[PDB]
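Reproduced below: structure-v6.txt, with compact mmCIF, C-alpha atoms and all ligand atoms.
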# COMPACT_ATOMS: atom_id res chain seq x y z
CA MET A 1 0.00 0.00 0.00
CA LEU A 2 0.60 3.71 -0.57
CA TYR A 3 2.06 6.13 1.91
CA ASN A 4 1.36 9.92 2.10
CA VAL A 5 -1.91 9.82 0.25
CA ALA A 6 -5.49 10.15 1.49
CA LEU A 7 -8.95 10.68 -0.03
CA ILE A 8 -10.73 13.52 1.73
CA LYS A 9 -14.53 13.78 1.51
CA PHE A 10 -16.10 17.24 1.46
CA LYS A 11 -19.57 18.57 2.06
CA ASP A 12 -21.81 18.44 -0.97
CA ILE A 13 -24.83 20.72 -0.61
CA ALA A 14 -27.23 19.51 -3.25
CA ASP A 15 -30.78 20.53 -3.99
CA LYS A 16 -32.84 21.94 -6.88
CA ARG A 17 -30.48 24.93 -7.28
CA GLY A 18 -27.59 22.49 -7.98
CA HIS A 19 -24.44 21.38 -6.08
CA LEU A 20 -22.06 23.36 -3.82
CA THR A 21 -18.86 22.26 -2.04
CA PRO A 22 -16.98 24.55 0.36
CA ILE A 23 -13.39 24.04 1.43
CA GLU A 24 -12.02 25.94 4.46
CA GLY A 25 -8.27 25.90 4.97
CA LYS A 26 -7.00 23.94 7.97
CA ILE A 27 -10.59 22.75 8.48
CA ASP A 28 -11.77 20.59 5.53
CA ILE A 29 -8.16 19.95 4.49
CA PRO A 30 -5.23 19.91 6.96
CA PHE A 31 -3.24 22.94 5.59
CA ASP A 32 -3.73 26.65 4.80
CA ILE A 33 -4.32 27.51 1.14
CA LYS A 34 -1.48 29.72 -0.03
CA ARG A 35 -2.08 28.99 -3.73
CA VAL A 36 -4.57 27.39 -6.06
CA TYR A 37 -4.34 26.28 -9.63
CA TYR A 38 -6.48 24.61 -12.21
CA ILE A 39 -5.94 22.71 -15.43
CA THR A 40 -8.45 22.79 -18.33
CA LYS A 41 -8.80 21.69 -22.03
CA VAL A 42 -6.29 18.89 -21.97
CA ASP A 43 -6.49 16.62 -25.08
CA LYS A 44 -7.36 13.07 -24.37
CA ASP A 45 -4.01 11.56 -25.34
CA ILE A 46 -2.06 13.74 -22.84
CA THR A 47 -0.38 12.62 -19.66
CA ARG A 48 0.57 15.64 -17.47
CA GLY A 49 2.45 15.79 -14.14
CA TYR A 50 5.54 13.64 -13.85
CA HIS A 51 6.90 15.14 -10.68
CA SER A 52 7.25 15.07 -6.94
CA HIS A 53 7.62 17.64 -4.23
CA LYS A 54 9.96 17.68 -1.25
CA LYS A 55 7.87 20.01 1.03
CA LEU A 56 4.56 20.96 -0.62
CA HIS A 57 1.21 19.54 0.52
CA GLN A 58 -1.59 19.60 -2.17
CA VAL A 59 -5.09 18.34 -2.68
CA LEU A 60 -6.29 17.50 -6.21
CA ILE A 61 -10.02 17.79 -7.05
CA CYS A 62 -11.82 17.07 -10.31
CA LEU A 63 -14.81 19.40 -10.55
CA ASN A 64 -16.05 18.37 -14.06
CA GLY A 65 -15.82 15.14 -16.07
CA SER A 66 -13.07 12.74 -15.12
CA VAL A 67 -9.28 12.34 -14.89
CA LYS A 68 -7.07 9.51 -13.73
CA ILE A 69 -4.12 9.97 -11.36
CA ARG A 70 -1.23 7.56 -11.24
CA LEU A 71 0.58 7.68 -7.91
CA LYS A 72 3.97 6.07 -7.42
CA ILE A 73 6.44 5.50 -4.66
CA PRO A 74 9.10 2.86 -4.99
CA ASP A 75 7.72 -0.63 -5.61
CA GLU A 76 4.12 0.59 -5.56
CA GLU A 77 1.85 2.14 -8.13
CA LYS A 78 -1.78 3.08 -7.65
CA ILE A 79 -4.38 4.58 -10.00
CA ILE A 80 -7.29 6.69 -8.75
CA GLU A 81 -9.99 8.08 -10.99
CA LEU A 82 -11.37 11.41 -9.90
CA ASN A 83 -14.94 12.12 -11.05
CA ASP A 84 -16.71 13.48 -7.96
CA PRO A 85 -16.21 17.19 -7.10
CA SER A 86 -16.85 16.45 -3.49
CA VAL A 87 -13.83 14.12 -3.05
CA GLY A 88 -10.27 15.45 -2.74
CA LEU A 89 -7.09 13.53 -3.30
CA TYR A 90 -4.43 14.57 -0.75
CA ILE A 91 -0.82 14.16 -1.87
CA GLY A 92 1.98 14.68 0.58
CA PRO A 93 5.72 15.03 -0.08
CA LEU A 94 7.72 12.48 -1.98
CA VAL A 95 4.87 10.82 -3.80
CA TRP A 96 5.41 10.89 -7.62
CA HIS A 97 2.27 11.49 -9.68
CA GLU A 98 0.92 11.63 -13.26
CA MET A 99 -2.52 12.70 -14.57
CA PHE A 100 -4.05 11.16 -17.73
CA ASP A 101 -7.43 10.39 -19.41
CA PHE A 102 -8.69 13.90 -19.08
CA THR A 103 -12.24 13.69 -20.40
CA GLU A 104 -13.80 16.39 -22.53
CA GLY A 105 -14.69 19.41 -20.35
CA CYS A 106 -12.54 18.12 -17.43
CA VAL A 107 -11.46 20.60 -14.75
CA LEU A 108 -8.70 19.71 -12.29
CA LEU A 109 -8.25 22.05 -9.36
CA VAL A 110 -5.38 21.83 -7.00
CA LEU A 111 -5.17 23.44 -3.61
CA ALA A 112 -1.55 23.88 -2.37
CA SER A 113 0.19 24.70 0.95
CA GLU A 114 3.01 26.94 -0.45
CA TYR A 115 3.53 29.46 -3.17
CA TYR A 116 5.00 28.05 -6.39
CA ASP A 117 8.64 27.09 -5.95
CA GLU A 118 10.55 25.45 -8.76
CA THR A 119 13.31 24.25 -6.43
CA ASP A 120 10.68 22.17 -4.43
CA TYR A 121 9.86 20.03 -7.51
CA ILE A 122 11.69 16.85 -8.40
CA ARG A 123 11.21 16.38 -12.18
CA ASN A 124 13.79 13.70 -12.96
CA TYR A 125 12.40 10.23 -12.17
CA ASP A 126 15.83 8.83 -11.53
CA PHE A 127 16.45 11.62 -8.98
CA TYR A 128 13.02 11.01 -7.46
CA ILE A 129 13.62 7.27 -6.98
CA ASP A 130 17.01 7.91 -5.38
CA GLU A 131 15.53 10.34 -2.87
CA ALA A 132 12.37 8.34 -2.20
CA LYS A 133 14.25 5.14 -1.44
CA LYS A 134 15.98 6.84 1.49
CA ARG A 135 12.55 7.39 3.03
CA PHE A 136 10.57 4.29 2.00
CA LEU A 137 12.37 0.88 2.15
CA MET B 1 -17.98 48.39 -13.58
CA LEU B 2 -19.65 49.66 -10.37
CA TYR B 3 -18.05 50.56 -7.06
CA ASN B 4 -16.02 47.76 -5.38
CA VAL B 5 -15.83 45.39 -8.35
CA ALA B 6 -13.03 44.45 -10.74
CA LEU B 7 -12.07 41.92 -13.38
CA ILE B 8 -8.73 40.39 -12.69
CA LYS B 9 -6.52 38.76 -15.31
CA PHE B 10 -4.60 35.61 -14.53
CA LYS B 11 -1.66 33.78 -16.17
CA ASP B 12 -2.82 31.24 -18.74
CA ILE B 13 0.06 28.85 -19.36
CA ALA B 14 -1.22 27.24 -22.57
CA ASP B 15 0.67 24.65 -24.57
CA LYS B 16 0.08 21.30 -26.31
CA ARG B 17 -0.73 19.75 -22.86
CA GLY B 18 -3.46 22.29 -22.11
CA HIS B 19 -4.21 25.35 -19.97
CA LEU B 20 -3.11 26.00 -16.43
CA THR B 21 -3.92 29.12 -14.42
CA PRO B 22 -2.17 29.62 -11.01
CA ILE B 23 -3.44 32.04 -8.29
CA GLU B 24 -1.31 32.90 -5.21
CA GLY B 25 -3.05 34.58 -2.31
CA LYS B 26 -2.14 38.27 -1.73
CA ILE B 27 -0.31 38.17 -5.05
CA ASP B 28 -2.65 37.41 -8.01
CA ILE B 29 -5.65 38.40 -5.93
CA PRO B 30 -5.45 41.07 -3.27
CA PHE B 31 -6.28 38.85 -0.31
CA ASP B 32 -5.30 35.65 1.44
CA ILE B 33 -7.42 32.65 0.63
CA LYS B 34 -9.16 31.17 3.67
CA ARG B 35 -11.93 29.32 1.89
CA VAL B 36 -12.80 28.23 -1.66
CA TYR B 37 -16.07 26.89 -2.87
CA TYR B 38 -17.48 25.78 -6.14
CA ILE B 39 -20.86 25.39 -7.67
CA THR B 40 -21.77 22.79 -10.29
CA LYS B 41 -24.65 21.05 -12.01
CA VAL B 42 -26.99 23.99 -12.03
CA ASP B 43 -30.06 23.58 -14.32
CA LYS B 44 -30.42 26.11 -17.14
CA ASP B 45 -33.39 27.89 -15.52
CA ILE B 46 -31.87 28.41 -12.03
CA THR B 47 -30.77 31.74 -10.60
CA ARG B 48 -28.64 31.54 -7.43
CA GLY B 49 -26.87 34.04 -5.24
CA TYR B 50 -29.15 36.74 -3.95
CA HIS B 51 -26.85 38.26 -1.36
CA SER B 52 -24.22 40.72 -0.24
CA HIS B 53 -21.62 40.64 2.53
CA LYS B 54 -20.32 43.33 4.84
CA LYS B 55 -16.75 42.10 5.34
CA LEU B 56 -16.13 39.23 2.93
CA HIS B 57 -13.92 39.83 -0.12
CA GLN B 58 -14.52 37.29 -2.91
CA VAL B 59 -13.34 36.48 -6.46
CA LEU B 60 -15.54 34.65 -8.89
CA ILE B 61 -14.18 32.44 -11.68
CA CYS B 62 -15.87 30.28 -14.34
CA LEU B 63 -13.59 27.35 -15.09
CA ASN B 64 -15.82 25.61 -17.67
CA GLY B 65 -18.70 26.76 -19.76
CA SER B 66 -20.41 30.06 -19.19
CA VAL B 67 -22.39 31.78 -16.43
CA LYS B 68 -23.78 35.30 -16.02
CA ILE B 69 -23.39 37.48 -12.90
CA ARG B 70 -25.94 40.21 -12.10
CA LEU B 71 -24.35 42.86 -9.90
CA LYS B 72 -26.42 45.46 -8.03
CA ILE B 73 -25.79 48.54 -6.00
CA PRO B 74 -28.56 51.10 -5.36
CA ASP B 75 -30.07 52.23 -8.75
CA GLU B 76 -27.26 50.69 -10.82
CA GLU B 77 -27.08 47.22 -12.31
CA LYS B 78 -24.49 45.51 -14.52
CA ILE B 79 -24.43 42.04 -16.08
CA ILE B 80 -21.06 40.28 -16.51
CA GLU B 81 -20.69 37.01 -18.39
CA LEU B 82 -17.98 34.68 -17.08
CA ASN B 83 -16.57 32.35 -19.69
CA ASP B 84 -12.76 32.50 -19.43
CA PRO B 85 -10.95 30.52 -16.66
CA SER B 86 -8.17 33.08 -16.84
CA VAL B 87 -10.46 35.93 -15.78
CA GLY B 88 -11.65 36.47 -12.18
CA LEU B 89 -14.39 38.87 -11.02
CA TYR B 90 -13.53 40.48 -7.74
CA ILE B 91 -16.52 41.54 -5.66
CA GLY B 92 -15.94 43.51 -2.51
CA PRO B 93 -18.28 44.10 0.43
CA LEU B 94 -21.62 45.83 0.05
CA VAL B 95 -22.29 44.55 -3.51
CA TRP B 96 -25.36 42.45 -4.23
CA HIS B 97 -25.02 39.68 -6.78
CA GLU B 98 -27.03 36.89 -8.38
CA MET B 99 -25.84 34.17 -10.77
CA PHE B 100 -27.76 32.87 -13.73
CA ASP B 101 -27.52 31.17 -17.14
CA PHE B 102 -25.28 28.42 -15.97
CA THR B 103 -24.50 26.43 -19.12
CA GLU B 104 -24.31 22.70 -19.29
CA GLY B 105 -21.18 21.60 -17.40
CA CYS B 106 -20.58 25.07 -15.88
CA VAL B 107 -18.14 25.20 -12.96
CA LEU B 108 -18.10 28.37 -10.81
CA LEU B 109 -15.16 28.66 -8.38
CA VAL B 110 -15.19 31.28 -5.65
CA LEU B 111 -12.12 32.35 -3.72
CA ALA B 112 -12.96 33.89 -0.30
CA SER B 113 -11.08 36.07 2.23
CA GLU B 114 -12.82 34.53 5.29
CA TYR B 115 -14.38 31.33 6.56
CA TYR B 116 -18.10 30.88 6.04
CA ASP B 117 -19.96 33.27 8.41
CA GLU B 118 -23.78 33.45 7.94
CA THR B 119 -24.00 36.65 10.01
CA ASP B 120 -21.92 38.45 7.31
CA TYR B 121 -24.61 37.66 4.75
CA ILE B 122 -27.35 40.08 3.90
CA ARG B 123 -30.00 37.94 2.21
CA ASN B 124 -32.96 40.35 1.98
CA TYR B 125 -32.77 42.90 -0.87
CA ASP B 126 -34.58 45.76 1.03
CA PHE B 127 -32.17 45.47 3.93
CA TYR B 128 -29.31 45.33 1.46
CA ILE B 129 -30.55 48.64 -0.04
CA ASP B 130 -30.97 50.38 3.34
CA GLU B 131 -27.42 49.47 4.40
CA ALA B 132 -25.83 50.14 1.04
CA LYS B 133 -27.54 53.51 0.80
CA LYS B 134 -25.51 54.62 3.79
CA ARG B 135 -22.27 53.71 1.88
CA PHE B 136 -22.85 55.04 -1.61
CA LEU B 137 -25.02 58.16 -1.34
CA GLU B 138 -24.29 61.88 -1.20
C1 LIG A 201 1.47 24.72 -10.87
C2 LIG A 201 2.09 25.98 -11.38
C3 LIG A 201 2.77 25.96 -12.56
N1 LIG A 201 3.33 27.09 -13.05
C4 LIG A 201 4.06 27.00 -14.32
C5 LIG A 201 5.36 26.26 -14.04
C6 LIG A 201 5.63 25.57 -15.34
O1 LIG A 201 6.55 26.43 -16.03
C7 LIG A 201 4.29 25.44 -16.06
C8 LIG A 201 3.77 24.00 -16.25
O2 LIG A 201 3.52 23.34 -15.00
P1 LIG A 201 3.92 21.83 -14.58
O3 LIG A 201 4.08 21.80 -13.06
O4 LIG A 201 5.11 21.44 -15.43
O5 LIG A 201 2.56 21.07 -15.10
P2 LIG A 201 1.58 19.82 -14.61
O6 LIG A 201 1.41 19.74 -13.07
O7 LIG A 201 0.28 20.18 -15.23
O8 LIG A 201 2.16 18.65 -15.34
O9 LIG A 201 3.36 26.24 -15.31
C9 LIG A 201 3.27 28.34 -12.34
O10 LIG A 201 3.80 29.41 -12.76
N2 LIG A 201 2.61 28.38 -11.17
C10 LIG A 201 2.02 27.28 -10.65
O11 LIG A 201 1.45 27.40 -9.56
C1 LIG A 202 -20.95 29.31 0.45
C2 LIG A 202 -21.20 28.33 1.55
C3 LIG A 202 -22.45 27.79 1.74
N1 LIG A 202 -22.70 26.91 2.72
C4 LIG A 202 -24.07 26.35 2.93
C5 LIG A 202 -24.96 27.34 3.67
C6 LIG A 202 -26.09 27.72 2.72
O1 LIG A 202 -27.36 27.39 3.27
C7 LIG A 202 -25.81 26.95 1.44
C8 LIG A 202 -25.25 27.88 0.36
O2 LIG A 202 -26.22 28.58 -0.37
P1 LIG A 202 -26.12 30.15 -0.67
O3 LIG A 202 -24.82 30.84 -0.29
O4 LIG A 202 -27.43 30.66 -0.10
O5 LIG A 202 -26.21 29.95 -2.31
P2 LIG A 202 -25.49 30.66 -3.62
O6 LIG A 202 -24.14 31.31 -3.29
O7 LIG A 202 -25.30 29.54 -4.60
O8 LIG A 202 -26.65 31.53 -4.05
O9 LIG A 202 -24.78 25.99 1.71
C9 LIG A 202 -21.64 26.55 3.60
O10 LIG A 202 -21.83 25.72 4.54
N2 LIG A 202 -20.40 27.05 3.43
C10 LIG A 202 -20.10 27.93 2.45
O11 LIG A 202 -18.95 28.42 2.29
What's the structure tokens form of this structure?
Ligand SMILES: Cc1cn([C@H]2C[C@H](O)[C@@H](COP(=O)(O)OP(=O)(O)O)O2)c(=O)[nH]c1=O
Ligand SMILES: Cc1cn([C@H]2C[C@H](O)[C@@H](COP(=O)(O)OP(=O)(O)O)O2)c(=O)[nH]c1=O
Amino acid sequence: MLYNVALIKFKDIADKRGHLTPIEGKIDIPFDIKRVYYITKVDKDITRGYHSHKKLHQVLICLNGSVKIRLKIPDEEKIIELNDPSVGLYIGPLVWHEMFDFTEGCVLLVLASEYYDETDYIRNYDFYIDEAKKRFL
Amino acid sequence: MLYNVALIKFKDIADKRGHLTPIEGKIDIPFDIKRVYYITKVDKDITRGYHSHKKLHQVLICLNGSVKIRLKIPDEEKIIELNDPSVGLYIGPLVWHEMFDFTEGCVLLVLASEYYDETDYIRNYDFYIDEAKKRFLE
């Protein structure tokens, strides 16, 4: 099984006016929201991501259509489809992830605990594996 | 627009892999983000909203499809259509708004300066007007 990952369930307020989910920082997720970002209009043959973070905490949420997330740590690979706006996928440090099968109209929103910092990314898989092994085995 | 309202333009990092817009609190919007919420799956005939806030700062953003925002202060109305994920509509305190014409698959994201507080809502239009009149009138 897979360390440093959780699925977080949010409130979904649904009636004849539609659906509404609220997320309060440190309350419905464990961290303060310093930054958000969202991905839209990804062609269906694209795989995005391919990175890890040393310090950042993030929660991924698919608010329209569907997207699959491949999560890896050494010797373990999991795939989680996200297709319910009221479920968040929490990814801690040193998990490697990849996002693919973006459906038509898909919207991926990420909530993040720090401002964008290029030095906090690991983008080379061989460097990731090296660093992750020190933690995991 | 009106008083206390602005359209804000965000980075759209667009390439062969798609679009990505990042928003950092205090930086790309003028406040720190304590709460987000998002509305989805609204039927074509629904209007929602129907309120103002005294303290809350907010930024509205349509991430898919299209949705119209009706903004009111006393004796002035403007209608803004949201249809670009790279454009946010900032609404400050003492502005009444309603949301309507949510298209099929519309997603409306709201960034908010404070945690949900029902006492900061004004939900009755006449009360809204009485309070707002204080603010805006000579
Ligand atoms: C996530 C994010 C990316 N960017 C920029 C950094 C990169 O140059 C570019 C592409 O992001 P990248 O992290 O490579 O994409 P993904 O997670 O979708 O695979 O966007 C920001 O400026 N701010 C941000 O918050
Ligand atoms: C916005 C929001 C609403 N809610 C709850 C309380 C309200 O009764 C309901 C939201 O409806 P309301 O704000 O009245 O609707 P809209 O903005 O779409 O017109 O859900 C929260 O618990 N937290 C929140 O942040």
Q. So which one's closest to chain A, B:98, B:24, B:117, B:76? Using all atoms listed in the file, please.
A. B:24
Q: Give as a PyMOL selection string every residue of chain A that touches chain B within 10 Å, counting only C-alpha atoms.
A: chain A and resi 12-28+32-48+63-65+85-86+105-112+114-116
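The residue that comes closest to residue 94 of chain A, out of A:59, A:5, A:69, A:132 and on the basis of only C-alpha atoms, is A:132.
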Q. Is there a way to get, as JSON, numbers by chain, all residues within 12 Å of the point (-0.1, 9.9, -11.8) in file coordinates, counting only C-alpha atoms?
A. {"A": [46, 47, 48, 49, 50, 51, 52, 60, 67, 68, 69, 70, 71, 72, 73, 76, 77, 78, 79, 80, 81, 82, 89, 91, 95, 96, 97, 98, 99, 100, 101, 102]}
Please report, as lines of an AutoDock Vina configuration file, the centre and edge lengths in Å to one decimal of an axis-aligned box covering all listed atoms of ligand LIG 201 (chain A) with 8 Å per side.
center_x = 3.4
center_y = 24.0
center_z = -12.9
size_x = 22.3
size_y = 26.8
size_z = 22.7
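Proximity of A:84, A:122, A:31, A:74 to residue 2 of chain A, computed with only C-alpha atoms, is greatest for A:74.
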